[PDB]
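A single chain comes next, written as structure tokens; it is the form deposited in one PDB entry.
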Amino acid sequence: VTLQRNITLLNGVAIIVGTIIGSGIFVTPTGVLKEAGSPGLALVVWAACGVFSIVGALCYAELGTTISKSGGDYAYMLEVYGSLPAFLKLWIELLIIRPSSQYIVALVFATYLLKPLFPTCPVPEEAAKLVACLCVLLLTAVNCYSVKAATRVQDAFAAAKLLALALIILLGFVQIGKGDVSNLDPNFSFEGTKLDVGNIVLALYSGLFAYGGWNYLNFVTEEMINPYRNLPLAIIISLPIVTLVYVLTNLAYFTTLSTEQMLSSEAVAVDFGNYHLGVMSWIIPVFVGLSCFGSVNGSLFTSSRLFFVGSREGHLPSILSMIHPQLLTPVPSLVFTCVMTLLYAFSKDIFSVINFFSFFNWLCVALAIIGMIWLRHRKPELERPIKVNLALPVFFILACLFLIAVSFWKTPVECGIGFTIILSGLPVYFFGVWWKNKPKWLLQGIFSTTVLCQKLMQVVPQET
């Protein structure tokens, strides 16, 4: 009884494209224009985040073909740095990182799908919270049903969001095809470029939010048909498509609206639909919701597979990583993902957790790529189907260390709170993992609740 590989090349392309293109292309440009000052600085920030994500994806393709086991970015750290940093990464990546990232996109889905009923108006908040929870519950039920159904969902919604962005891009092209330019003058487009790199790296963070999810096919390997070919071929095909669409969508945004027209706007896609369309301008918020639906589906998929792999190393309870026969899906891991995602619906503002934890999110990537170089030098007895040129990982490590050291130099009050939450897992590691020889007051109860959840969900252990 195993997980029964189904992911094709086009399924992996759809997974990466649908998970990356979520909400950030419709929310973040105001935050980038606020910190860049000039539109040209915004476009070079978007292109820089694009090239940065492409370089990191090449390094993760080389890592995922080297080690080639599931649960990427956590198994790669467990292979090199032992058990305790892997558990700390798994702890943080569970608790704060995965349900908040899913709940943000679900909330943007619910907010933008209810915009035609409240055109010039704030949406009622609890209706949006309920619709977001409905989205999460429907998608986890679809994921608990079958894997082929979930890949069909991801395929359809990735194609839908691609055609939506193509429509927006061609509208921005026919606007500049009407012989005059609002923005994009060769001397005006750079007027307003502020400075103070400390006020530039915040625009870099706001752009790097929209590129999140670029390493999720590394989480969902061990289920790909022929991974040694179809993982880097999926990454190479997928991520250059995102950067081009992002810079063309920002360019189409700028030739409809002026600068402080966008700096004081609430939904720059809704205003774009209001300009180029009369009635039938609800198409654009409908399509934004359809993008965020597929992004939530892909993130739920990869999170369930990550907790599946983390249970197999003895770092999580063993009720997880139990497969249900005749469906062959990790049902308790999916239930555990959905429960946490619904649990983060009690916060009023959850966007202020991104700056609390960005330093750890890039520290783990930098640690994994340092471990990749150290593994290539220390242990050269592995088969490597792709081998990147060096000084791409070295430049990526230098850029990640630049982002970490700058985030400890402009806003050091949130990183301290983040580092305080990180070491709270250190009591948890020494209860369950390291502390064996537990009393019989605890082992029988854990066995009883495990077999009770087994009898409820009809799940067997893995082994095949």
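We call the rigid core whatever largest set of C-alpha positions still superposes within 1.5 Å between the two forms. Residue numbers run from 1 along the displayed sequence.
There is another form of the same protein, the form deposited in another entry; it is not shown, and what comes next is about it.
- When the two forms are superposed on their rigid core between the shown form and the other one, the C-alpha shift of 2 Å or more among 202, 113, 367, 323 belongs solely to 202.
- Relative to the superposed core, residue 192 shifts its CA atom by 2 Å or more between the shown form and the other one.
- Once both forms are fitted on their core, a CA shift of 2 Å or more is seen for residue 410 between the shown form and the other one.
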